[PDB]
Structures are given as structure tokens and as C-alpha cells.
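Breakdown of the fold
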Protein chains: 4
Amino acid sequence: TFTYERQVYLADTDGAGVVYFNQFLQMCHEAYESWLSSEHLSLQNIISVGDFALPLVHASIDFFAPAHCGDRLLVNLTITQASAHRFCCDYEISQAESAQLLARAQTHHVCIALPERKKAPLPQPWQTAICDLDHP
Amino acid sequence: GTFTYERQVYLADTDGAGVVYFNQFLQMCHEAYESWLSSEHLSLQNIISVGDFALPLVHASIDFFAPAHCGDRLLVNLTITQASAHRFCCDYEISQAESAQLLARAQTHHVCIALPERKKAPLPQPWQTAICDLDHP
Amino acid sequence: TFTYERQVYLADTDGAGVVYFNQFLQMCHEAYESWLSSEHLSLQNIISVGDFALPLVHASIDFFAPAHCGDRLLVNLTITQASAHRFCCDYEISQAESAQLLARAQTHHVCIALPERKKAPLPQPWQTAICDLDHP
Amino acid sequence: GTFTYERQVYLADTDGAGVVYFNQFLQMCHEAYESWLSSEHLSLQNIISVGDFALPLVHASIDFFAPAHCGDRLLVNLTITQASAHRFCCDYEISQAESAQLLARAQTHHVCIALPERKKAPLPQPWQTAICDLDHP
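Residues numbered from 1 in each chain as written, not as in the entry; some residues may be left out. Chains lettered and ligands numbered in written order. Heavy atoms only, no water.

1. As for the interface of chain B and chain C
- Facing 13 residues of chain B, the contacting portion of chain C comprises 16 residues.
- Joining chain B to chain C, the criterion identifies 0 salt bridges.
- Across the chain B-chain C interface, the total number found is 4 residue pairs in polar contact.
- Per element, the largest residue contribution to the side of chain B that touches chain C is 6 residues, and it comes from helix α1 (residues 22–39) of chain B.
- Counted by class, the side of chain B that touches chain C contains 6 nonpolar, 5 polar and 2 charged residues. (Contact = heavy atoms within 4.5 Å. Salt bridge = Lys/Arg side-chain N within 4 Å of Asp/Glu carboxyl O. Polar contact = N/O pair within 3.5 Å; in protein donor to acceptor, adjacent residues only side chain to side chain. Helix = DSSP H or I, 4+ residues; strand = E, 2+ residues; numbered from the N terminus. Nonpolar A, V, L, I, M, F, W, Y, C, P; charged D, E, K, R; others polar.)

2. Comments concerning the side chain of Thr13 of chain A
- Within the fold, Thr13 of chain A resides in the loop between β1 (2–7) and α1 (21–38).
- Note on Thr13 of chain A: relative accessible area 0%, which makes it buried.
- Only 2.8 Å separates the side chain of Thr13 of chain A from the backbone nitrogen of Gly15 of chain C, close enough to count as a polar contact.
- If near-sequence neighbours (up to four positions away) are discounted, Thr13 of chain A is found in contact with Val8, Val18, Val19, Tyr20, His68 and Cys69 of chain A together with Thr13, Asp14 and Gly15 of chain C. (Buried < 20%, exposed > 50% of the residue type's maximum accessible area, 1.4 Å probe, protein only.)

3. Notes on the state of the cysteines
- Counting across every chain of the model gives 0 disulfides over all chains.
- The structure places no disulfide on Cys29 of chain B, whose sulfur is separated from the nearest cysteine sulfur, that of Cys90 of chain B, by 9.1 Å. (Disulfide = S-S within 2.5 Å.)

4. Focus on the pairing of strand β4 (residues 73–82) of chain B
All names here are of chain B.
- As paired elements, strand β1 (residues 2–8) and β4 share 7 bridges and run antiparallel to each other. For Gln8, the partnering residue across the bridge sits in β4 and is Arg73.
- As paired strands, β4 and strand β5 (residues 87–96) are joined by 9 bridges and run antiparallel to one another. For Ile80, the partnering residue across the bridge sits in β5 and is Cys90.
- Counting the residues that bridge the hairpin from β4 to β5 gives 4 residues. (Pairing = 2+ DSSP bridges.)

5. Overview of the UniProt feature "active site" in chain A
- Taking the UniProt record as the reference, the feature "active site" is found at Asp14 of chain A.
- When its relative accessible area of 4% is taken as the criterion, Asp14 of chain A is described as buried. (UniProt positions renumbered as here; feature names shortened; annotations may be inferred.)

6. Notes on the UniProt feature "active site" in chain B
- The UniProt record annotates "active site" at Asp15 of chain B.
- Tracing the chain through its elements places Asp15 of chain B in the loop between β1 and α1.
- Not counting residues within four places of it along the chain, the set of residues in contact with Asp15 of chain B comprises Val20 and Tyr21 of chain B together with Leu11, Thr14, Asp15 and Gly16 of chain D.

7. Quick look at the packing of aromatic side chains
- Using the criterion set out here, one finds 22 aromatic pairs over all chains in the structure.
- Each ring, one from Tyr32 of chain C and one from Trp126 of chain C, has its centre 6.5 Å from the other, and the planes form 55 degrees; the classification is tilted. Of this pair, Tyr32 of chain C sits in helix α1 (residues 21–38) while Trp126 of chain C is found in helix α3 (residues 124–132), placing the two residues 94 residues apart along the sequence.
- What makes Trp126 of chain C buried here is its relative accessible area of 3%.
- Put simply, the rings of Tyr20, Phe21, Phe24 and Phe63 of chain A pair up and form one aromatic cluster. (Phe/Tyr/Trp six-rings, centres within 6.5 Å; stacked < 30°, edge-to-face > 60°.)

8. As for the interface of chain A and chain B
- Residue-level contacts link 19 residues of chain A with 19 residues of chain B.
- In total, about 1700 Å² of surface goes out of reach between chain A and chain B, with carbon and sulfur atoms giving 56% of it.
- At the boundary of chain A and chain B, one finds 0 salt bridges.
- Viewed at the interface, chain B and chain A are joined by 9 residue pairs in polar contact.
- Broken down by secondary-structure element, the contributors of at least two residues to the side of chain A that touches chain B are α1 and β3 (56–63) of chain A.
- Considering every element that reaches the side of chain A that touches chain B, the biggest residue donor is β3 of chain A, with 8 residues.
- Residue composition of the side of chain A that touches chain B, grouped by class: 11 nonpolar, 6 polar and 2 charged.
- The pairing of β3 of chain A with strand β3 (residues 57–64) of chain B spans 5 bridges and is classified as antiparallel. Pairing of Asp62 of chain A across the sheet is with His59 of chain B, part of β3 of chain B. (Buried area = accessible area lost by both parts, 1.4 Å probe.)

9. Section: α1 of chain B
Residues and elements named next belong to chain B.
- Given a rise of 1.5 Å per residue, 18 residues ought to cover 26 Å, and the 27 Å separating the end C-alpha atoms of α1 matches this to within 8%.
- Burial analysis of α1 places 15 of its 18 residues in the buried class, the great majority of the element.
- Immediately downstream of α1, the backbone of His41 shows phi near 55 degrees, a positive value. (Expected span 1.5 Å × (residues − 1).)

10. Regarding the layout of surface pockets
- A volume near 1000 Å³ is recorded for the second largest pocket.
- Around the second largest pocket, the lining comprises 39 residues; the ones closest to its centre are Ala53, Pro55, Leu56, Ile112 and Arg117 of chain A. (1 Å grid on protein atoms, 1.4 Å probe; cavity = no way out; pocket = protein on both sides within 12 Å on 5 of 7 lines; lining within 4 Å. Points joined across faces, edges and corners; volume = space filled by probe spheres on them.)

11. As for the sheet that holds strand β7 (residues 113–114) of chain B
All names here are of chain B.
- Spatially, the 3 strands line up as an open sheet ordered β2-β7-β8, and their pairing is antiparallel. Strand pairing shows two members of the sheet lacking a second neighbour, β2 (53–54) and β8 (119–120), which therefore form its edges.
- As judged from the 2 bridges shared by β2 and β7, these two strands associate in the antiparallel manner. Residue pairing across strands places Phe53 opposite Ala114, the latter belonging to β7.

Structure, rendered in C-alpha cells:
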């Protein structure tokens, strides 16, 4: 896994006193972006070129226990290529010090050619990076 | 239960790729849920304030079919189902109001738990009653 | 004033139990966008053209009392043109039923020519719309 | 007190105009404040949990000089000052880490109030102590 460290901020939380559900999914996307940056890939780069896009096409998340403002979390990310066009990120979000499981999530991402929005093969650079990140 | 929630896309909903950010569609789903609650005169805040129960969301999922842009007017169509004594399930479709183009489908699952022990409890009866929606066909 | 009605959602609130400070400023920008739309102006339009931009260059807000999830708020918006290039939106955020004052805010906005980002005169259509919205 | 908070711009921070949304800069300011608190082993959550006091933000302002984009690495430089027995003031500058281009300046003011009456109270001593910062020049 790639491990992304994330402190819970006040804005991540809601009036029930705990982290708001989709803020956990925000933390997941951050982990993904940080992994990209570590692999010298750049979401901004592909957006900027715009012969292609790499949209998220699915997200899902199960919640097991709440977190609170100030908590230090770890988001552990591993990724597998599901097909020519599509990869699947798996995330586990835990408390750093106890490894209490808070959530498990997936996001799926596809490459498309623009403007027609038709599936295109994942860039090899993404494929290569995904290979280096070991998935069960 | 069913509900149609009308939602304008604001600048903040969009991202640097020029389209609505994935997570903002899920936010709009929760808003539809909240608007339905309000229409049924139910209140998340009352649950929180009394502090005997919580109604955490325990699962969410969403699939994206097509993008939206700043200024678009969207419809979020919601159906609510009771899955167990303690759990209900919201099903959402998000579409363009004018063209009816389907942008996304989603689900959220919610459970009632007694606090502080966090053990499953029966849904509040008023909530069950709203979900049953016997007042409408 | 233009009056924008806004329900407080769970995501607007934080773990202290109340509306998070900058969510009030989000509601202000929404009121601004709704006013634009009512005047058949379009933030998306100017962004899309990109010979010009109309950025927010200042925001400030004072808080008087908290709000909670489920509250129904009114954001009252009035606007004055401060100079050739710049307008100033004033907002008052209150409880709908009691008119309890929650916050007062300002945002300032300027027109710039791109890509150089040099001040340009407000489009007359914006000037015209601003004139129709009465400011003390 | 002083602090330097390092912040990557994420896709969610940006909007459909292709730049960081104004309100997200203010979010980054509050994060700097929160990171400083953490570095001083202070906790907003502890205040909330105990429920004797609140530390609401009572004023915020921000001016924007230049935009940022997705992927940028920013520095938020924070200075904290005690303005009264019950009030402190955070001053922020946001810059590009590499070029040192100034993007924005901001201020937030915070007050301590006793609950439920919401009357001004003296800052918690540990907070005062952190702001005084006698351990550093």
C-alpha cells in the first residue's frame, strides 16, 4: 500500500459531532492524488491537455466507526487494473495509533478520449505505476 | 417514500476540470434526503440534540455516467425503503432537469443506533411512518 | 435587496454542533450566483469566454450567533458599484422566522482582462443589474 | 505564536474556472490554525467535548492577489496575537512554496465564551501560554 496520513480538521466534521460521511471519500481522493504525485503523475496535467480525461466513474464506502476533529488517520491505498480502460483503488481508513478500522472504500477510474468521451486505454505510465503498487 | 429535489449547480460544486466534482453529487444526494426529511417534518438535528440515538450513514455508493457544469439545474430523484427494523436505504438518480439526461445513480444506507453503546435500535416510528408513506399511492 | 432562501444542511455544520464559519460565506456566494441568474447573467458564461474574468478579490464576515442543521435562513443581498472596475456585495444572514441576525458579510469583485489579469471596466450588463438592486 | 503550514492544492480545492475557489483559501487558513494548535498540543475537540466553553470564530477576512491551481504546493504563514482577555487574532499570508509569490492575506478573530449563556470568558491559560510563545524568540 501507499499510506496517506491525514489529520481530521473541524471542516471534516458535522453537527453530529463526527466526520461527515463524504469527507472520508474526500480523504480517499487525496490519498489517490498524493500517490499520483509520488509517481510523478499529475491529475492537473491530463486535465490541462484535454485530448483525454481520467474521470472517477464509481465510488463506494462502508463506515465502521466514527472519527472526530483532531484524530490522526491513515488512509492505506492499493490499486489494481481491472481492464484495459479501468483501474480500481482500494482504501482502508484507520486510526493511526490503534489501527481502529473506520471505513473501507473503492473508487474506479477510466481513461476517455475527448471530446467524444469514449473509453481509451490507460496510459502506460499509469499502468506502470499501478504495477508497482502491490494488490492482493 | 419518494422525493424530487431540485438543485442548482454552484461554482463551488465544480472543480478545475470544469465539471461537478464527484463527491459533490453525493452531497446533493444527502441534501435530497434532508429535504425529504424536512418535507416529512422530521429532523436530523432533533435526533442529535436529544442524544439517545444516532442515525449514521453506514454505506454509500455512486456511479457516474455523464458530467454536469456550473449553472446546470439538476433533479435528484429519491426513493426510500426500509431494509430492516434498524436500517433504511435511499436510492437516487441525478438528471438534468431539462433534457432528463441521467448523470449518476447512487445509494445510501442508514441505521439507527442507541448511544453511547452504539447498538442497533429500531427506527424512530415517525421515520418508519414517513418511509411507509401510506398517505400517497 | 435580493433575498436568497437557504436551508442549513448537515454538511454546513461542524463538530461543535453549529454552522462552520466559512459555510456562511458559501451561502453568500450562492446568493450572489442566484441573483446573477435572476438577471440572466451567468458566471459560467464569463468563465467560458476567458477574454475576461470576474474574480472575487475580497471577502469578510462577522458572526453574531450560531445556526444549526435544519434551520431556515435568509441571505439578503444588496450590491453597490465601488468604482469602474469593482463592485461590493453586502449580505445579511438571518433566521427566516425570527430575523435573528447571524452574520453580516461583504464580498468584492473586479473585472479583469485575461491573460494579463489587468483591471477592466465592469461590463455594462453587470452595471445595469447592480443599479436595479437598491443600495443605501 | 507563529507557524508555517504546508498545503498541497487538491482537485476539490479548485473550481470550474480552473483555479482555487476563494473559500478554500480561508479553509486552508483555519487548517493552519488547527495545525498550530496541534503543534502546541491544544485541541478544539477537547473544548467541544467538555462543553463548558466555546471558541467561535467571530470575524474573518481575506484579500486575493493571485490565483493558485491544482497540484500547487502552498505555504500558509500564521501569526497569532492576543487582543483581549477573551479574544485572539490570527494573521495569515498564503504563498507559493517555490516562487514565494503572495496569493492572499487573511485574518480570523476568535473568542472564548462560557456556555450556555454565551458570555465572554478568559482564554484557557494553555492557549494564552501558546500564544505568548515564550519558548521561542
